[PDB]
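In structure tokens, the next block holds one chain alone, the form deposited in one PDB entry.
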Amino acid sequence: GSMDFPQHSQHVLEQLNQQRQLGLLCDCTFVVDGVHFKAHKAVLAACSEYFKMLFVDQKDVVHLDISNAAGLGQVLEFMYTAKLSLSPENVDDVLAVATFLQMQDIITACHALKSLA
């Protein structure tokens, strides 16, 4: 029937991050404050409806350059690590951009932390 799905997905993700840090099989460039960072098209799409829509047919969606977004640097790291780097100064910014990106794990993570503070 099945094996352990949370354990398996973890190993797969940890492997996709290792591929990234080595430029291995990366097929796009994710821009952050002007800076290029290699990434897997499939993974950005897996994380965000916005990126999904962008590779399928970009002409059809909102032309918003989020390259300079406050919190965006934290969002790319999360995608591949499932680790979020929040601080009292950056919670709102990360939340705002993840809400735009439609990334629910981060939305509820930030909401969770905000509720405690």
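Take the two forms, find the largest set of C-alpha atoms that superpose within 1.5 Å, and that set is the rigid core. All residue numbers refer to positions in the sequence shown, first residue = 1.
There is also a form deposited in another entry; it is not shown, and the following applies to it.
- Once both forms are fitted on their core, a CA shift of 2 Å or more is seen for residue 33 between this form and the one not shown.
- Remark: with the core as the superposition reference, the CA shift of residue 83 between this form and the one not shown stays below 2 Å.
- Put the two forms on the same core and the Cα of residue 61 is off by 2 Å or more between this form and the one not shown.
- The Cα-Cα distance between residue 53 and residue 34 is lengthened by 3 Å or more in the other entry relative to the form shown here.
- In the other entry, the CA atoms of residue 33 and residue 76 sit farther apart than in the displayed form, by at least 3 angstroms.
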